[PDB]
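Chemist: Dropping in input_7.txt, with compact mmCIF, C-alpha atoms and all ligand atoms.
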# COMPACT_ATOMS: atom_id res chain seq x y z
CA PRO K 1 126.97 55.46 4.91
CA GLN K 2 124.30 57.97 5.33
CA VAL K 3 125.36 61.14 3.68
CA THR K 4 123.59 64.40 4.48
CA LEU K 5 123.62 67.18 1.90
CA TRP K 6 124.91 70.19 3.71
CA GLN K 7 128.15 69.43 1.88
CA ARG K 8 128.59 68.12 -1.68
CA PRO K 9 128.46 64.42 -1.47
CA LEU K 10 131.91 63.52 -2.71
CA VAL K 11 133.50 60.12 -2.64
CA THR K 12 136.86 58.74 -3.75
CA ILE K 13 136.72 56.40 -6.64
CA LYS K 14 139.42 54.21 -7.92
CA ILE K 15 139.20 53.96 -11.71
CA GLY K 16 141.63 52.75 -14.23
CA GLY K 17 144.28 52.65 -11.53
CA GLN K 18 143.61 56.32 -10.81
CA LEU K 19 142.10 57.78 -7.73
CA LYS K 20 139.66 60.67 -8.12
CA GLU K 21 136.96 62.49 -6.29
CA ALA K 22 133.51 62.23 -7.70
CA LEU K 23 130.16 63.65 -6.91
CA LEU K 24 127.29 61.31 -6.14
CA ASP K 25 124.54 62.51 -8.41
CA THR K 26 120.99 61.24 -8.34
CA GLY K 27 120.09 63.67 -11.04
CA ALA K 28 122.32 62.23 -13.72
CA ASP K 29 121.40 59.06 -15.58
CA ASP K 30 125.01 58.39 -16.60
CA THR K 31 128.49 58.65 -15.14
CA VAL K 32 130.76 61.20 -16.77
CA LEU K 33 134.29 61.71 -15.65
CA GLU K 34 136.67 64.24 -16.86
CA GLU K 35 139.18 63.29 -19.46
CA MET K 36 141.76 60.81 -18.28
CA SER K 37 143.33 57.84 -19.89
CA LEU K 38 141.45 54.59 -19.94
CA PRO K 39 142.25 51.40 -21.83
CA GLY K 40 139.98 49.62 -24.21
CA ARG K 41 138.16 50.76 -27.23
CA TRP K 42 135.38 53.40 -27.05
CA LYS K 43 132.62 55.13 -29.00
CA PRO K 44 131.63 58.84 -29.50
CA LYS K 45 128.26 59.82 -28.07
CA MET K 46 127.00 63.05 -26.69
CA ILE K 47 125.02 64.10 -23.64
CA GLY K 48 122.99 66.99 -22.32
CA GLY K 49 123.21 69.14 -19.24
CA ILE K 50 122.01 72.59 -18.47
CA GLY K 51 124.08 74.75 -20.68
CA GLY K 52 124.19 72.25 -23.43
CA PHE K 53 125.48 69.16 -25.04
CA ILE K 54 128.96 67.89 -24.64
CA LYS K 55 130.52 65.29 -26.83
CA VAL K 56 131.93 62.37 -24.92
CA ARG K 57 133.34 58.79 -25.29
CA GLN K 58 131.35 55.84 -24.23
CA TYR K 59 133.39 53.27 -22.40
CA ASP K 60 131.60 50.04 -21.45
CA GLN K 61 132.53 47.34 -19.10
CA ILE K 62 134.67 49.51 -16.98
CA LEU K 63 135.42 48.78 -13.37
CA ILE K 64 135.16 51.41 -10.66
CA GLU K 65 135.56 51.11 -6.92
CA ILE K 66 133.41 53.72 -5.41
CA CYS K 67 133.98 54.32 -1.84
CA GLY K 68 135.58 50.90 -2.36
CA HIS K 69 132.32 49.14 -3.17
CA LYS K 70 133.07 47.75 -6.67
CA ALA K 71 131.12 48.01 -9.94
CA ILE K 72 131.36 47.73 -13.73
CA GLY K 73 129.40 49.84 -16.15
CA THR K 74 129.58 52.41 -18.79
CA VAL K 75 131.67 55.45 -18.15
CA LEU K 76 131.57 58.47 -20.35
CA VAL K 77 134.66 60.58 -20.21
CA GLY K 78 134.57 64.07 -21.71
CA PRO K 79 134.57 67.73 -20.76
CA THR K 80 132.94 67.92 -17.35
CA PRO K 81 133.91 70.23 -14.65
CA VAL K 82 133.08 67.52 -12.04
CA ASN K 83 133.27 63.82 -12.23
CA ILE K 84 129.75 62.55 -11.74
CA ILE K 85 128.44 59.13 -10.57
CA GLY K 86 124.96 58.89 -11.90
CA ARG K 87 122.26 56.37 -11.58
CA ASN K 88 123.76 53.65 -13.60
CA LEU K 89 126.38 53.02 -10.99
CA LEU K 90 124.49 54.32 -7.97
CA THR K 91 122.19 51.52 -8.49
CA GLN K 92 124.90 48.82 -8.33
CA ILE K 93 126.31 50.29 -5.24
CA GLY K 94 122.86 50.08 -3.86
CA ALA K 95 122.29 53.67 -3.15
CA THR K 96 119.09 55.14 -1.85
CA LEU K 97 117.62 58.46 -1.13
CA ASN K 98 115.69 58.80 2.06
CA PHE K 99 113.41 61.55 3.08
CA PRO J 1 110.15 57.85 1.58
CA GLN J 2 113.04 55.93 0.19
CA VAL J 3 113.79 56.42 -3.46
CA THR J 4 115.60 53.58 -5.21
CA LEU J 5 117.56 54.79 -8.16
CA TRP J 6 116.43 52.51 -10.95
CA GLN J 7 114.13 55.21 -12.04
CA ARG J 8 114.56 58.98 -11.82
CA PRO J 9 113.71 60.49 -8.50
CA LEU J 10 110.85 62.67 -9.63
CA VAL J 11 108.56 64.34 -7.15
CA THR J 12 105.70 66.81 -7.30
CA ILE J 13 106.23 70.34 -6.13
CA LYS J 14 103.67 72.95 -5.55
CA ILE J 15 105.32 76.23 -6.38
CA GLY J 16 103.47 79.49 -6.86
CA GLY J 17 100.14 77.72 -6.86
CA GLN J 18 101.35 75.68 -9.80
CA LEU J 19 102.08 72.05 -9.72
CA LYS J 20 105.33 70.74 -11.19
CA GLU J 21 107.32 67.68 -11.36
CA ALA J 22 111.06 67.93 -10.38
CA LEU J 23 114.15 65.86 -9.92
CA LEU J 24 115.79 65.36 -6.55
CA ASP J 25 119.25 66.07 -7.44
CA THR J 26 122.12 65.58 -5.05
CA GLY J 27 124.75 66.90 -7.35
CA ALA J 28 123.18 70.31 -7.80
CA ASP J 29 123.87 72.97 -5.31
CA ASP J 30 120.91 75.03 -6.21
CA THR J 31 117.39 74.63 -7.25
CA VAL J 32 116.75 75.61 -10.82
CA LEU J 33 113.31 75.52 -12.44
CA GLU J 34 112.03 75.80 -15.93
CA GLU J 35 110.46 79.11 -16.85
CA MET J 36 107.34 79.88 -14.93
CA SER J 37 105.28 82.68 -13.48
CA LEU J 38 106.60 84.00 -10.24
CA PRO J 39 105.76 87.16 -8.29
CA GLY J 40 108.62 89.00 -9.88
CA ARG J 41 110.89 90.52 -7.40
CA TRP J 42 114.14 88.99 -8.71
CA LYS J 43 117.82 89.37 -9.81
CA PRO J 44 120.01 88.18 -12.81
CA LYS J 45 122.54 85.42 -12.03
CA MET J 46 124.29 82.79 -14.04
CA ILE J 47 124.58 79.21 -13.13
CA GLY J 48 127.06 76.74 -14.64
CA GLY J 49 126.35 73.15 -15.68
CA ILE J 50 127.24 70.58 -18.08
CA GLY J 51 127.84 71.83 -21.46
CA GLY J 52 127.68 75.44 -20.59
CA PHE J 53 126.45 78.31 -18.59
CA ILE J 54 122.88 79.44 -18.41
CA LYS J 55 121.43 82.70 -17.28
CA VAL J 56 118.83 82.66 -14.52
CA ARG J 57 116.52 84.84 -12.38
CA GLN J 58 117.11 84.41 -8.76
CA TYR J 59 114.19 84.54 -6.37
CA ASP J 60 114.52 83.84 -2.68
CA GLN J 61 112.11 83.18 0.02
CA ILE J 62 109.95 81.19 -2.26
CA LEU J 63 107.79 78.75 -0.50
CA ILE J 64 108.03 75.33 -2.08
CA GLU J 65 106.14 72.23 -1.09
CA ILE J 66 108.08 69.09 -2.14
CA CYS J 67 105.88 66.37 -1.02
CA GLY J 68 103.89 67.80 1.98
CA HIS J 69 107.01 69.33 3.52
CA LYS J 70 107.14 72.99 2.81
CA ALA J 71 110.60 74.34 2.46
CA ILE J 72 111.47 77.94 1.81
CA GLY J 73 114.47 79.10 -0.16
CA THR J 74 116.08 80.50 -3.19
CA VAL J 75 114.82 79.34 -6.59
CA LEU J 76 116.50 79.97 -9.89
CA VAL J 77 114.09 80.12 -12.75
CA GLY J 78 115.57 79.86 -16.22
CA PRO J 79 116.21 77.75 -19.29
CA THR J 80 116.84 74.35 -17.85
CA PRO J 81 115.56 71.19 -19.57
CA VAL J 82 114.33 69.70 -16.35
CA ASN J 83 113.25 71.05 -12.97
CA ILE J 84 115.99 70.30 -10.46
CA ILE J 85 115.77 70.39 -6.65
CA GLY J 86 119.29 70.92 -5.38
CA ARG J 87 120.87 70.73 -2.07
CA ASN J 88 119.70 74.04 -0.72
CA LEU J 89 116.20 72.64 -0.42
CA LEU J 90 116.93 69.00 0.16
CA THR J 91 118.61 69.85 3.29
CA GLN J 92 115.35 71.51 4.30
CA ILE J 93 113.24 68.47 3.69
CA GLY J 94 115.86 66.51 5.54
CA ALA J 95 116.86 64.28 2.67
CA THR J 96 119.78 61.77 2.94
CA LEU J 97 121.79 59.82 0.54
CA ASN J 98 122.53 56.36 1.80
CA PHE J 99 124.57 53.45 0.85
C1 LIG C 101 124.07 64.61 -16.61
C2 LIG C 101 124.50 65.73 -16.01
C3 LIG C 101 123.87 67.08 -16.27
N1 LIG C 101 123.50 67.75 -15.02
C4 LIG C 101 123.85 69.01 -14.87
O1 LIG C 101 124.07 69.62 -15.89
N2 LIG C 101 123.95 69.61 -13.66
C5 LIG C 101 123.84 71.07 -13.48
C6 LIG C 101 122.83 71.50 -12.42
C7 LIG C 101 123.01 72.52 -11.59
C8 LIG C 101 124.30 68.90 -12.41
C9 LIG C 101 125.78 68.42 -12.49
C10 LIG C 101 126.84 69.50 -12.32
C11 LIG C 101 127.05 70.03 -11.02
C12 LIG C 101 128.05 70.99 -10.78
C13 LIG C 101 128.83 71.41 -11.87
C14 LIG C 101 128.63 70.89 -13.18
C15 LIG C 101 127.62 69.93 -13.42
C16 LIG C 101 123.28 67.92 -11.88
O2 LIG C 101 123.72 67.60 -10.60
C17 LIG C 101 123.20 66.71 -12.74
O3 LIG C 101 122.32 65.76 -12.28
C18 LIG C 101 122.63 67.02 -14.09
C19 LIG C 101 121.21 67.62 -14.09
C20 LIG C 101 120.55 67.47 -15.43
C21 LIG C 101 119.82 66.30 -15.73
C22 LIG C 101 119.20 66.18 -17.01
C23 LIG C 101 119.31 67.23 -17.97
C24 LIG C 101 120.04 68.38 -17.66
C25 LIG C 101 120.66 68.50 -16.39
Rewrite the coordinates I just gave you, this time as structure tokens.

Modeler:
Amino acid sequence: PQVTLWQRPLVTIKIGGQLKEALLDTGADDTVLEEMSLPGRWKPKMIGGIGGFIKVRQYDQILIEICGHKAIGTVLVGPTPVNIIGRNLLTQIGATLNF
Amino acid sequence: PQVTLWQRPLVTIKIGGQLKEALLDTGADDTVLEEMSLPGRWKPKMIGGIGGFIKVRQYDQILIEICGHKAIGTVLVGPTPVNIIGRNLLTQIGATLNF
């Protein structure tokens, strides 16, 4: 859909069987979701924001349905306040920005 | 234009007669800018982010030109790694997210 930006662009995602809201974020290179339980193995990596660097777990090959469109990619879960869908998935869902 | 999200959506702003490069960021509610010289009539504020809080100077009624659309709004200057155009301005250049 076209989303305007008078409101936060939130979408439901279904991930790991769980349903969440998540912010569509063209500013973020990566997708980071708050702690939740995901299956599979995983690695520790850390990422920056404003404010500073949080430690996180890299999960690869993980399947998300984002607004129902589907996709697989790396998710980082860790201490965010908001679950963020960043350009690695926004690209598979085919998102664009138009001005 | 239409920005595809393979690469970061960087754009040039002219702000206070200085030329910067910034990120069009749909997940940020405000515009925050690295430290720079502004005509200093401003207030303390603190914005939150990933990985912590940072402390910013709030200026409003700043004219910004973000591509040749001028937009006027509140700008938070402060210790961010990257200049970020958030939704308060994007709505003013009319930007949309689409998929
Ligand atoms: C990867 C996420 C870090 N990040 C943030 O820290 N902020 C903060 C910007 C205001 C919000 C995400 C956010 C929104 C609301 C609450 C918490 C986080 C932006 O929307 C994100 O793109 C991004 C901007 C950024 C890019 C590169 C280096 C530093 C920062």

Chemist: When distances are computed from all atoms listed in the file, which of K:31, K:12, K:26, K:92 shows the smallest separation from chain J?

Modeler: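 Smallest distance to chain J is found for K:26.
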
Chemist: Using all atoms listed in the file, which protein or nucleic acid residues come within 10 Å of residue J:74? Drop anything in the same chain fewer than 4 positions from it, and give the result as a PyMOL selection string.

Modeler: chain J and resi 30-32+58-64+88-89

Chemist: Could you save the residues just selected, with C-alpha atoms, as a compact mmCIF listing (two decimals), keeping the file's coordinate frame?

Modeler:
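Listing of out_0.txt after writing:
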# COMPACT_ATOMS: atom_id res chain seq x y z
CA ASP J 30 120.91 75.03 -6.21
CA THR J 31 117.39 74.63 -7.25
CA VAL J 32 116.75 75.61 -10.82
CA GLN J 58 117.11 84.41 -8.76
CA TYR J 59 114.19 84.54 -6.37
CA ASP J 60 114.52 83.84 -2.68
CA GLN J 61 112.11 83.18 0.02
CA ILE J 62 109.95 81.19 -2.26
CA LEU J 63 107.79 78.75 -0.50
CA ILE J 64 108.03 75.33 -2.08
CA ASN J 88 119.70 74.04 -0.72
CA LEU J 89 116.20 72.64 -0.42

Chemist: Mind listing as a PyMOL selection string which residues of chain J are within 9 Å of chain K, counting all atoms listed in the file?

Modeler: chain J and resi 1-9+23-29+47-54+79-82+84+87-88+90-91+93-99

Chemist: Quick one: write out the picked residues with C-alpha atoms as a compact mmCIF listing (two decimals), keeping the file's coordinate frame?

Modeler:
# COMPACT_ATOMS: atom_id res chain seq x y z
CA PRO J 1 110.15 57.85 1.58
CA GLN J 2 113.04 55.93 0.19
CA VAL J 3 113.79 56.42 -3.46
CA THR J 4 115.60 53.58 -5.21
CA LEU J 5 117.56 54.79 -8.16
CA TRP J 6 116.43 52.51 -10.95
CA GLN J 7 114.13 55.21 -12.04
CA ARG J 8 114.56 58.98 -11.82
CA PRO J 9 113.71 60.49 -8.50
CA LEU J 23 114.15 65.86 -9.92
CA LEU J 24 115.79 65.36 -6.55
CA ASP J 25 119.25 66.07 -7.44
CA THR J 26 122.12 65.58 -5.05
CA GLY J 27 124.75 66.90 -7.35
CA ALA J 28 123.18 70.31 -7.80
CA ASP J 29 123.87 72.97 -5.31
CA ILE J 47 124.58 79.21 -13.13
CA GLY J 48 127.06 76.74 -14.64
CA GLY J 49 126.35 73.15 -15.68
CA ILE J 50 127.24 70.58 -18.08
CA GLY J 51 127.84 71.83 -21.46
CA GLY J 52 127.68 75.44 -20.59
CA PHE J 53 126.45 78.31 -18.59
CA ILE J 54 122.88 79.44 -18.41
CA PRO J 79 116.21 77.75 -19.29
CA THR J 80 116.84 74.35 -17.85
CA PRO J 81 115.56 71.19 -19.57
CA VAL J 82 114.33 69.70 -16.35
CA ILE J 84 115.99 70.30 -10.46
CA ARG J 87 120.87 70.73 -2.07
CA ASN J 88 119.70 74.04 -0.72
CA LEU J 90 116.93 69.00 0.16
CA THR J 91 118.61 69.85 3.29
CA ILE J 93 113.24 68.47 3.69
CA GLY J 94 115.86 66.51 5.54
CA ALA J 95 116.86 64.28 2.67
CA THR J 96 119.78 61.77 2.94
CA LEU J 97 121.79 59.82 0.54
CA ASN J 98 122.53 56.36 1.80
CA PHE J 99 124.57 53.45 0.85

Chemist: Please, what distance in Å, to one decimal, runs between atom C19 of ligand LIG 101 (chain C) and atom CA of residue J:37?

Modeler: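 Going from atom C19 of ligand LIG 101 (chain C) over to atom CA of residue J:37, I get 21.9 Å.
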
Chemist: Atom CA of residue K:18 and atom CA of residue K:38 are how many Å apart?

Modeler: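 Computed distance, atom CA of residue K:18 to atom CA of residue K:38, equals 9.5 Å.
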
Chemist: Point out the residue among K:68, K:44, K:75, K:39 with the least atom-to-atom distance to residue K:13, counting all atoms listed in the file.

Modeler: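 Checking each of K:68, K:44, K:75, K:39 against residue K:13, counting all atoms listed in the file, the winner is K:68.
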
Chemist: Which is closer to ligand LIG 101 (chain C) than all the others in K:66, K:56, K:15, K:36, using only C-alpha atoms and all ligand atoms?

Modeler: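 Closest to ligand LIG 101 (chain C), using only C-alpha atoms and all ligand atoms: K:56.
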